[PDB]
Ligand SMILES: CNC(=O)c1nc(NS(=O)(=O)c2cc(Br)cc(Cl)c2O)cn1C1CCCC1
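We begin with a single chain expressed as structure tokens, specifically the form deposited without the named molecule.
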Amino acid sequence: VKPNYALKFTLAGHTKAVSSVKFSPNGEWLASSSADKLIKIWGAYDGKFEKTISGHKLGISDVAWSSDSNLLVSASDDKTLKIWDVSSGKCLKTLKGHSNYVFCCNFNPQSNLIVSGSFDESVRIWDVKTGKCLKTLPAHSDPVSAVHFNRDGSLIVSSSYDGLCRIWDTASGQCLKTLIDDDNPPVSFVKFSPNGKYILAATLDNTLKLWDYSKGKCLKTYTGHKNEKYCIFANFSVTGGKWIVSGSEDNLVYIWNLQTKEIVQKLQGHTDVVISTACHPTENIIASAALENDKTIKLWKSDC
């Protein structure tokens, strides 16, 4: 079993590097963030441009959807996060507290909390309703590259250029696990698997690893791509075959068989680093996006 991802749509409109793309949980929309300071919304199935959401004073590094698909949160170089009502375009809250670039963000499944990571080396947990910072975690000793909640929101995983992945108890703020791998290369991305049992981590030595995070055992290693500089997103694809998907600094999207670790497809089309990929929640659809020399977003579809 290999997939047959093929290019269907190219989405042009951002005027600087794209930073992040994410599908809405309801499957209807794709949200994109950029160094051009904008968020754009696009149809998930047809790539049709929907609207621009503006307000940040500097470039945006990440964007994330609430579980009901009504809200977005964005993370900016302006040291803030913003919560947006997507339909109205309204900025509902500006989350203030970080003392340097906010790099990454996510809602919990309940979507009453937001987690953020920053160049200030901290992770913050925020109340969606009030915009108040509830906890500041002294998480890392270098910039925080990614933050993600597990399936029931009881855990947060964080990654950092300090070379560590840490697991945090959402309720207490306590550090529960530090994952250590030899030579401590910068960790440029991390997230939980959809079931919550594993985490997938990227390091800046051209390597992705699937970890059992309780046992601290590395179960799989994925290689063949290029990643030595940029914080590139990676994914589990679960709508068809069970794949791992990532961008790459050679301008390709890589797809691996999760079990065997073989590369099953490489998607050609982008003309600069593929910084971000996302997998549609119900259909075999991948979105990908590229840095400044390209600036486009691509939608790819497979029969499996």
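For every residue, the number given is its place in the sequence shown, counted from 1.
From this point on, the text means the form solved in complex with the named molecule, which you will not see here.
Asks: When the site C-alphas are superposed and the named molecule is set in place as seen in the entry with it bound, is this chain open or blocked (3 or more ligand atoms within 2.4 angstroms of backbone or C-beta)?
Replies: Open, since after superposition no atom of the placed ligand lies within 2.4 Å of the backbone or C-beta atoms.
Asks: Using heavy atoms only and a 4.5 Å cut-off, decide whether all three of 94, 113 and 130 touch the named molecule in the entry with it bound.
Replies: Checking in the entry with it bound: none of 94, 113 and 130 is within 4.5 Å of the named molecule.
Asks: Name the stretch: of 231-239, 24-32, 39-47, 64-72, exactly one has residues whose heavy atoms fall within 4.5 Å of the named molecule in the entry with it bound.
Replies: Stretch with heavy atoms near the partner: 231-239.
Asks: Could you tell me if residue 220 has a non-hydrogen atom within 4.5 Å of the named molecule in the entry with it bound?
Replies: Taking the distances in the entry with it bound, the answer for residue 220 is yes, it comes within 4.5 Å of the named molecule.
Asks: In the entry with it bound, is there a heavy atom of the named molecule that lies within 4.5 Å of any heavy atom of residue 54, even though the partner is absent here?
Replies: Close contact is absent here: in the entry with it bound, residue 54 is far from the named molecule, nothing within 4.5 Å, heavy atoms only.
Asks: Might residue 254 be said to contact the named molecule in the entry with it bound, defining contact as any heavy atom within 4.5 Å?
Replies: Contact with the named molecule, no.
Asks: Verify the contact flag for residue 139: yes if a non-hydrogen atom of it lies within 4.5 Å of a non-hydrogen atom of the named molecule in the entry with it bound, no if not.
Replies: Flag for residue 139 set to no.
Asks: Only one of 194, 173, 109, 224 gets a heavy atom within 4.5 Å of the named molecule in the entry with it bound. Which one?
Replies: Of the candidates 194, 173, 109, 224, 194 is the one lying within 4.5 Å of the named molecule in the entry with it bound.
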